[PDB]
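Every read-out reported here was derived from the displayed coordinates using simple, explicitly stated rules and does not represent laboratory data. Virtual Cβ from ideal backbone geometry, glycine too; neighbours counted across all protein chains shown.
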Amino acid sequence: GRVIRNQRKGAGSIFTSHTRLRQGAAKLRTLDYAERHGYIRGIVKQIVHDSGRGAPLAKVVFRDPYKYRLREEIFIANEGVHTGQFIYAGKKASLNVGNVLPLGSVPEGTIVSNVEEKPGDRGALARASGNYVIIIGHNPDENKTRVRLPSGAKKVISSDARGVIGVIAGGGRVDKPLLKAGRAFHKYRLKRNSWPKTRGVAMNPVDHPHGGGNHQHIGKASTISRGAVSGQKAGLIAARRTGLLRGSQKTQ
Amino acid sequence: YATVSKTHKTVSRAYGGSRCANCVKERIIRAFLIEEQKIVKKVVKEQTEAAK
Amino acid sequence: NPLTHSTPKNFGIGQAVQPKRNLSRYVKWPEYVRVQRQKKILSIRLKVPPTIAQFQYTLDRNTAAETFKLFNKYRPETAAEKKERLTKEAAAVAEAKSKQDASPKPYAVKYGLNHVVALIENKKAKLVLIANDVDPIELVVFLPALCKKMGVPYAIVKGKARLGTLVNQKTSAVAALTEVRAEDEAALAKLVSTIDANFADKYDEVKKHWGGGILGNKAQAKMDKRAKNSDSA
Amino acid sequence: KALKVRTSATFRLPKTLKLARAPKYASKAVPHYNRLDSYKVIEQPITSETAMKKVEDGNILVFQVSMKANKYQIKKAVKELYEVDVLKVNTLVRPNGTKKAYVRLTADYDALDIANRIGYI
RNA sequence: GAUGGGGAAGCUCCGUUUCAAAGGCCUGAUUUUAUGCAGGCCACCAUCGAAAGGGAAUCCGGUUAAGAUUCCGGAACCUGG
RNA sequence: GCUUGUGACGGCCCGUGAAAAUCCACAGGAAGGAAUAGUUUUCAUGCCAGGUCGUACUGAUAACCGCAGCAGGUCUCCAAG
RNA sequence: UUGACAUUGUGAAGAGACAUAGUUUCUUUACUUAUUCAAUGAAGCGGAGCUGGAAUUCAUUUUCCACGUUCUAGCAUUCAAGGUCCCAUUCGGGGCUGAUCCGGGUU
Ligand SMILES: [Mg+2]
Ligand SMILES: [Mg+2]
Ligand SMILES: [Mg+2]
Ligand SMILES: [Mg+2]
Ligand SMILES: [Mg+2]
Ligand SMILES: [Mg+2]
Ligand SMILES: [Mg+2]
Ligand SMILES: [Mg+2]
Ligand SMILES: [Mg+2]
Ligand SMILES: [Mg+2]
Ligand SMILES: [Mg+2]
Ligand SMILES: [Mg+2]
Ligand SMILES: [Mg+2]
Ligand SMILES: [Mg+2]
Ligand SMILES: [Mg+2]
Ligand SMILES: [Mg+2]
Ligand SMILES: [Mg+2]
Ligand SMILES: [Mg+2]
Ligand SMILES: [Mg+2]
Ligand SMILES: [Mg+2]
Ligand SMILES: [Mg+2]
Ligand SMILES: [Mg+2]
Ligand SMILES: [Mg+2]
Ligand SMILES: [Mg+2]
């Protein structure tokens, strides 16, 4: 047997990220004396398009605590932040669309973006265009904070962990039909080498499990167990159900 | 620009060959007013910190 | 006052670049530094056994100074003195004809680990000094134990190099004595007496106590202010 | 006593004493005699019916020069070996591993003379 | 693609600022003298990789059996001192 | 009018369409400088110097690849009525 | 993938035998120093004190809080001006303070 497409993406030889035009790594400020005791100001001097990211980035420049100079940050622009605006970052900082605050510091029910998992990891959750985390309440002693990540999961993380007020810009991008092959083509031209895709069941047994047969069909359950081996996990991996989702989903 | 004479790279005002005058206009006015209003906020909270 | 002004500086976050301070506590030392430092730490955190840790109990500046004094009166021959002995016994004894004894009996400190230890076994040593350094600690840890069983007084001095100087080496680990000119014989027992105070007699009692188990200050302070609140309301 | 004070978080190399090199035997007994003296610099005169047409009508000497040598070495050794003065030097490499030189003399000297002084025509 | 490293019996493999004490300029200090210490900067961390990308500066006329924005004539321009 | 170059604009994107050396300015005011004499080499003029290697010619129904002087293949600029 | 053994240490509540003394063994939950994860040209951590002040005083504190920056797309560097002490009064230049102590566990 050959080696199936979704194994070859591993040593990523043609499979890596098309990275030439990207404005840099979007990350929060490194967590220092300013942000963890008080606050600090920066000016958003530019918000700009990143190639291969749906949501605009915001270039947000600060001063330096310990040397005469400037320091420049790449943020993901939460919807509404604007050039020239002032941005505040710290424990004792304010509650406005754009500042960064420890999760403990916001009244429950706030809305934050680019939020850390561990504090000081400089950004992590709700970063796509339109996503955010809502906060559903804190735990006074052992300073945690329970939240609802965009996938609907409900995770508990540190209150010293930072987020930034608002939803992320560029929302609803995906309500618009890609419409032709080409727009899809360019979409992924700036992302990676994943498009277009060829139905396993169009190829030959060498090439796939789904491959072979005098009729184009799958032949066995396309639900593949969790503890399957590389070379087997093609189709619906480890599914606990299948079929058209009848009724109201939504998280409980 | 290194084979040419110094006054081909400046206009005589402060921030010559750097900013666009109307842009220098701003940083003057903003500077004064702020350093002024920075003083308006001296007395006001000198008064709150002596008469609350 | 004259044409001079005073306008301090607002070093309080969000303004005025911080002044240079002593970041002495926050420096990225060389790895070789970290190693010797954390080895000290690691050594204290654990519960170190009583056959070791019965070190860490050194001598004291006072009683030691008196022993560094008394032992210097018995340094070994230097290169000069020996060559000088030679010719003052070369021509002297090989011609004048003595029993190779137109030369005095020397009274000097014994040393070198294997030397000192045969001495303790022959019950001939009369006062043994033990280093507290010795990074191969297994070289000497059996000496306190031995001296007790051989009924011989001893004491663990501070310094492996300090013992060295009073013997003309870089480092000596152990110095000891079997001889003492009767001019000193009395001051010796006034030393051996206090020596047997802090060591030889405390030895059995010492063998019961496990050293170490000490917390880092950030920890002790945490716990000091927690076993304080759960009891005093 | 008391400790030091480091104003910087960073620990740099102890800028210690880098010492001189003082031998004990020689590098190599007897040093090499000058590898490219004047005589090895320019090797032969180029005597084409078009090489002389250069000497005749152009005040230009022609030479086959050792490949290992540049203009600075040609001009000095043309000078030294013919007691003349050079306007400019052009050099090219011939398709047989030989380095030609189009030497030119200052407005004073006449190549033709200087040519069949060294004895060719 | 070297380096400190970490793997691997090993040929070697891994990593490129990464768990490293990584390195060098403007000048003052000499008026035993040539170059140490004195300042203060900089923490920049190799290197290879485009004769179509980036890029200091040249033109016209004349000339050869065959070269020429390259020689000759004349007129410029750039860089370093 | 043809070709080309350039401008101020306009359409397009879930595509918004490189990097580095390098060169200029700016803020800053460490410093250094005048009356019997200083400051200027970003103004003009004047002096020396610019090494190394390639440079012919073919680029195709014969100078390349196709066993060859092969109806094949092999990137490109100029382009009159 | 799942178990055991090794790496593997230190506390407490509860059980487990000689059969109701503690040498030894585990269920729950604590300790940091092995091991693991992250960050930063290891920059401000931990402990105490100043100051205020919410606090109500049940003899005085029995305590918990804070303890330089928020209308503006400016400016923020020369060990810092100030204050003060020295060098033998040169131009220059040094301490201390301005910037609270104590522990050297980068967080
Ligand atoms: Mg990549
Ligand atoms: Mg593809
Ligand atoms: Mg398909
Ligand atoms: Mg098929
Ligand atoms: Mg198959
Ligand atoms: Mg199958
Ligand atoms: Mg099939
Ligand atoms: Mg089918
Ligand atoms: Mg001008
Ligand atoms: Mg040439
Ligand atoms: Mg390699
Ligand atoms: Mg290169
Ligand atoms: Mg080019
Ligand atoms: Mg011509
Ligand atoms: Mg010719
Ligand atoms: Mg031609
Ligand atoms: Mg010049
Ligand atoms: Mg065309
Ligand atoms: Mg555009
Ligand atoms: Mg000039
Ligand atoms: Mg050179
Ligand atoms: Mg040609
Ligand atoms: Mg032809
Ligand atoms: Mg053909």
Hits in region A:57-80 (condition: more than 15 Å from A:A126 (Cβ to Cβ) and not in a strand (DSSP E or B)): A:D64, A:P65, A:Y66, A:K67, A:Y68, A:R69, A:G80
If we keep just the residues of region A:201-234 that are closer than 22 Å to A:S151 by Cβ and surrounded by 10 or more Cβ atoms within 10 Å (Cβ to Cβ), which is nearest to ligand 9 (Cβ to nearest atom)? A:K233
Note on region A:1-40: residues away from ligand 6 (no atom under 16 Å from the Cβ), among the small types (G, A, S) and assigned to a loop (DSSP other than H, G, I, E, B) are A:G10, A:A11, A:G12, A:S13, A:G24, A:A25, A:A26, A:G38
Restricting to region A:187-229, give me the number of residues that are polar (S, T, N, Q), more than 16 Å from ligand 2 (Cβ to nearest atom) and within 33 Å of the chain's Cα centre (by Cα). 3
Scan of region D:83-96 for residues that are more than 16 Å from ligand 10 (Cβ to nearest atom) and within 17 Å of D:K68 (Cα to Cα), ordered by number: D:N96
Given the conditions (1) within 16 Å of ligand 3 (Cβ to nearest atom); (2) among the aliphatic types (A, V, I, L, M); (3) part of a loop (DSSP other than H, G, I, E, B); (4) in contact with a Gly (Cβ under 8 Å, 6 or more places away or on another chain), report the number of the one that A:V201 does not fulfil. (3)
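Quick grid of which residues meet (1) among the polar types (S, T, N, Q); (2) closer than 26 Å to D:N34 by Cβ; (3) exposed (fewer than 14 other Cβ atoms within 10 Å of the Cβ):
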residue	(1), (2), (3)
D:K53	no, no, yes
D:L61	no, yes, no
D:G97	no, yes, yes
D:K100	no, yes, no
D:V103	no, yes, no
D:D110	no, no, yes
Checking C:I41 against (1) under 27 Å from the mean Cα position of the chain (by Cα); (2) aliphatic (A, V, I, L, M); (3) under 20 Å from D:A2 (Cα atoms), only one condition comes out false. Which one? (3)
For region A:210-223, indicate whether the set of residues that are more than 14 Å from every other protein chain (Cβ to nearest Cβ), in contact with a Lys or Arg (Cβ under 8 Å, 6 or more places away or on another chain) and more than 16 Å from ligand 7 (Cβ to nearest atom) is non-empty. no
Against the definition (within 30 Å of D:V5 (Cα to Cα) and surrounded by fewer than 12 Cβ atoms within 10 Å (Cβ to Cβ)), how does C:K47 come out, yes or no? no
Checking the structure you have, find out if any residue of region A:216-230 is in contact with a strand residue (DSSP E or B) (Cβ under 7 Å, 6 or more places away or on another chain) and more than 30 Å from A:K155 (Cβ to Cβ). yes
Residue within region C:200-207 that is part of a helix (DSSP H, G or I), surrounded by 10 or more Cβ atoms within 10 Å (Cβ to Cβ) and under 20 Å from the mean Cα position of the chain (by Cα) present: yes
If you take the residues in region A:17-35 that are closer than 22 Å to A:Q85 by Cα and in contact (Cβ under 8 Å) with a residue 60 or more places away in the chain, which one is surrounded by the fewest Cβ atoms within 10 Å (Cβ to Cβ)? A:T30
Reported set for region C:13-43 where residues are away from RNA strand E (no atom under 16 Å from the Cβ) and within 14 Å of chain A (Cβ to nearest Cβ) is C:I13, C:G14, C:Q15, C:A16
Only one of (1) surrounded by 14 or more Cβ atoms within 10 Å (Cβ to Cβ); (2) over 30 Å from A:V174 (Cβ atoms) fails for A:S113. Which number is that? (2)
Based on this model, can you work out whether A:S51 counts as touching a residue at least 24 places away in the same chain (Cβ under 8 Å), more than 25 Å from C:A16 (Cβ to Cβ) and either more than 14 Å from chain C (Cβ to nearest Cβ) or surrounded by fewer than 18 Cβ atoms within 10 Å (Cβ to Cβ) (or both)? yes
Return yes when A:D141 is more than 16 Å from RNA strand E (Cβ to nearest atom), within 14 Å of another protein chain (Cβ to nearest Cβ) and among the charged types (D, E, K, R) and no when it is not. yes
The number of residues in region A:66-90 that are within 14 Å of another protein chain (Cβ to nearest Cβ) and surrounded by fewer than 17 Cβ atoms within 10 Å (Cβ to Cβ) is 8
